[PDB]
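Please read the structure below before turning to the comments.
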Amino acid sequence: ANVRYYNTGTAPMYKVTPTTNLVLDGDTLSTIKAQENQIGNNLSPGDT
Amino acid sequence: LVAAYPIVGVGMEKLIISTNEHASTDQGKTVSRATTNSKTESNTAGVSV
């Protein structure tokens, strides 16, 4: 899967790790916690 | 006098299964050619009365 994050609000956050979830039709394929590959070091607010 | 306490528990929504087989298909063609030779020899003898 190809995907980019975003940010909104007031504050930044360092060392982000999102946990994502996939759904086809009512079911659930997998929910993945992010590993070391797609980790994000910085997110200045109002950016991606 | 009351306690500060959480109580959690789960509940299943759906169960999905999946099987494990191994299918395969094969298709083939055959072409062949041959030739033969022969050389025979015979003798006969007979008597009538």
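The chains in the structure tokens are called A, B, ... from first to last as shown; in each chain the residues are counted from 1, and the ligands are counted from 1 in the order shown.
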
Compile the residues of chain A that lie within 10 Å of chain B, evaluated using only C-alpha atoms, and express the compilation as a PyMOL selection string. chain A and resi 26-29

For the residues selected in the previous step, produce a file with N, CA and C atoms as an mmCIF file, in the first residue's frame.
data_model
loop_
_atom_site.group_PDB
_atom_site.id
_atom_site.type_symbol
_atom_site.label_atom_id
_atom_site.label_comp_id
_atom_site.auth_asym_id
_atom_site.auth_seq_id
_atom_site.Cartn_x
_atom_site.Cartn_y
_atom_site.Cartn_z
ATOM 1 N N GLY A 26 -17.061 -5.464 5.087
ATOM 2 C CA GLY A 26 -17.462 -5.926 6.400
ATOM 3 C C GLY A 26 -16.411 -6.688 7.182
ATOM 4 N N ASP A 27 -15.461 -7.324 6.512
ATOM 5 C CA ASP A 27 -14.472 -8.174 7.146
ATOM 6 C C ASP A 27 -13.285 -7.328 7.588
ATOM 7 N N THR A 28 -12.191 -7.985 7.959
ATOM 8 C CA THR A 28 -10.963 -7.277 8.304
ATOM 9 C C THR A 28 -9.795 -8.121 7.828
ATOM 10 N N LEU A 29 -8.983 -7.573 6.925
ATOM 11 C CA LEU A 29 -7.833 -8.324 6.439
ATOM 12 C C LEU A 29 -6.731 -8.356 7.483
#

DSSP-assigned strand (DSSP E or B) members of chain A, reported as a count of residues only: 8

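Straight-line separation from CA of residue 30 (chain A) to CA of residue 48 (chain A): 24.5 Å.
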
Skipping near chain neighbours, those fewer than 4 positions away, what residues fall within 10 Å of residue 12 (chain A) using only C-alpha atoms, listed as a list in words? residues 7, 8, 42, 43, 44, 45 and 46 of chain A

Residue 38 (chain A): which residues within 12 Å, counting only C-alpha atoms, same-chain residues fewer than 4 positions away excluded, as a PyMOL selection string? chain A and resi 1-5+15-20+32-34
